[PDB]
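Visitor: missing the sequence, but the structure's below:
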Ligand SMILES: [Co+2]
Ligand SMILES: [Co+2]
């Protein structure tokens, strides 16, 4: 009675054959995962950086943003391990555009088959230039379509407490960042990381598009992402120390989100969070092993009226490209100074 | 590299044929929905009560509890519409027993096919005696197995913020209560009711067990459940006034959970919460239209028959006293409203 209808869906295995990953795409995803692992588990002293748009609505602009980011990654690879944000799924406050899978046409036609094709084509195009990607793992079905492409998964502030997303994370073959909750408190992420580290058994969709009982192995590469919230921002040295005091033995290093609840409603604050983070890093802070940045070709955002401006987010406001380059070069400087401190 | 394997799963349609609902089961589930709807939308001045075990681990014990509750429910029906907590799925802080469906043998062997069979035979056995049942809709696939037997579903405090659960709610055939968040504020529940009231498009599993694109109609029978949290309890008149101030036009009445956050880690606080909620109702508070109670045959919990293996519950005799007091308050609110 509250189901209007059911529309047929291509299976993951079918889409995978229709839109094959190239050798370079696969190698790139596996390398992004290796690097990310070595960073969050303390083998490598670079910083892991998840940077790029709040969301992708335009494959072409995303390809342009990706070329510029790959060129900067090649320059800064001694110091930073860069993964593009290629976020396909957007959790809303109430209602609103959910991303490129859900409504690729951004006009309320909900052509999900075309979204999945667009998403997977997008993921092959990005990783095919040797730039690893990451996305929020919001949907528990869509990762079957995409995950051979993905080097980093986030669980959002609004789904960190959810048992289903913890279950999902325990069966993903790549590192997973759990956001702290929207109230700004870290306990729920730390609990999520503990839960996701265990084996889970749950009903899930397989590559053939049918439900089966899944057993996961447990994901030892989950870590906490600090992204502020109601109680205040949490990127400063005191908030970090407070976070370090509640991590259990076995913990991975922390990531700091410059945007969202750490930006205080203003994308112009991302560079000021960077200054504070860099000062911690440059001074010896080893527990901060990653950062996340909402960056686009151009700054700010816009409403949805294809009468959209090029390279401008239609979800959260982003810093523009030239500011991103400043931010990243500053962070790379900071990473270098930390090595001096560590000797 | 992180999937240990897949085991075959009976489809929803198959289990519905193997464990068919009786005509009484079906009619009972329908009636429970009608009654819950009339109360939360203000058409009926009785209070809707979701009461029973924190979780079901024992079918026979649950039946015995259900027979007692059905008899109390007959006594008090002029004043309360009662739905049994038949909770199959338990969200954990980190890890631990997830309920009857996930691990019916409660010993880490996870026979989900037997858990779904036990769950469905349970839901049939309870509704077949004319008692409606409610459960937390934690798993988004599960409901395909059991929906047709359910009169109330809960989205729990740890999932009210989750877009997948708002989507799920938006396509459920029955009223849904969203708990406030574990920090104790209700904004996220208010946001969820707004979200679930809209039509959604999303990948879902159908009755023949394959993934398809679902379009829902949107669920206008969603309401907030007050269940306390880190910021404090929220069952008192100030909390209720603050809650009513937050509600949009077109809102349904509020439900107050006596337990979880509102019990401050002590199941013996449920009867005190009851007295506070009773005072408000008796004195004319018309926005409180629901309550939720964790109740079992015997009180407490454990890590022993008729005793919860999850959260601590009040026992059957206390349960009687609580609901008869609630019924009286409903009567007094009627007088106030004349
Ligand atoms: Co954003
Ligand atoms: Co409970």
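Guide: Received it, and whenever you're ready, just let me know what you need. Numbering: from 1, shown residues only, chains lettered A, B, ... in the order given. Ligands and ions are numbered 1, 2, ... in the order given.

Visitor: Report the closest residue of chain A relative to ligand 2.
Guide: Taking Cβ to the ion, ligand 2 has its nearest neighbour within chain A at residue A:163, 14.2 Å off. C-beta: built from backbone N, CA, C; applies to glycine.

Visitor: and that residue, how many neighbours?
Guide: Neighbour count for residue A:163, taken as other Cβ atoms under 10 Å in any protein chain shown: 26.

Visitor: From the chain's centroid, how far away is the biggest helix by length in chain A?
Guide: When chain A is parsed with DSSP state H, its longest helix is helix A:321-342. Helix A:321-342 has its C-alpha centroid displaced from the chain centroid by 20 Å (Cα atoms, centre = their mean, to the nearest Å).

Visitor: Now do it: which elements does it pack against?
Guide: Helix A:321-342 is packed against strand A:47-52, helix A:59-76, strand A:80-85, helix A:270-282, strand A:288-294, with contacts defined by 3 or more Cβ pairs under 8 Å, 6 or more residues apart in numbering or on different chains; DSSP states H and E.

Visitor: so which of these gets nearest residue A:108?
Guide: The closest approach between residue A:108 and any of these, judged by Cβ to Cβ, belongs to helix A:59-76 at 19.7 Å.

Visitor: helices and strands around that closest one, which ones?
Guide: Contact here means 3+ Cβ pairs under 8 Å, 6+ apart; on that basis helix A:59-76 packs against strand A:47-52, strand A:80-85, helix A:112-127, helix A:321-342.

Visitor: Mind listing residues that contact it?
Guide: Applying Cβ atoms under 8 Å, 6 or more residues apart in numbering or on different chains, the contact partners of helix A:59-76 are A:51-53, A:56, A:80, A:82, A:84, A:86, A:118, A:121-122, A:125-126, A:129-131, A:295-297, A:310-311, A:321, A:325, A:328-329, A:332.

Visitor: okay, the helices and strands packed on helix A:59-76, which one's buried deepest?
Guide: Of all these, strand A:47-52 has the most neighbours on average by mean count of other Cβ atoms under 10 Å in any protein chain shown, namely a mean of 28.

Visitor: So what are the sheet partners of that one and their directions?
Guide: Using DSSP bridges, the strands paired with strand A:47-52 are strand A:80-85 (parallel), strand A:288-294 (parallel).

Visitor: can I get those strands in JSON lines with distance to residue A:105?
Guide: Below are those laid out as JSON lines (distance: least, Cβ to Cβ, whole Å):
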{"stretch": "strand A:80-85", "distance to residue A:105": "22"}
{"stretch": "strand A:288-294", "distance to residue A:105": "23"}
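
Visitor: Just send the ones you listed back as a markdown table, with distance to ligand 1 too.
Guide: Below are those laid out as a markdown table (distance: least, Cβ to the ion, whole Å):
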| stretch | distance to ligand 1 |
| --- | --- |
| strand A:80-85 | 9 |
| strand A:288-294 | 5 |
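
Visitor: ok, back up a step: tilt between the longest helix of chain A and helix A:59-76?
Guide: Orientation note: helix A:321-342 sits at an angle of 30 degrees relative to helix A:59-76 (axes from the mean of the first three to the mean of the last three Cα atoms, to 10 degrees).

Visitor: Residue A:16: what's it in contact with?
Guide: Here residue A:16 is in contact with A:120, A:145, A:148, A:207 (criterion: Cβ under 8 Å, 6+ apart).

Visitor: what secondary structure does the third one sit in?
Guide: So that's residue A:148. Look at residue A:148: counting by DSSP: H, G, I helix; E, B strand; the rest coil, its state is helix.

Visitor: isn't it right next to residue A:27, touching?
Guide: No: using Cβ atoms under 8 Å, residue A:148 makes no contact with residue A:27, being 11.7 Å away.
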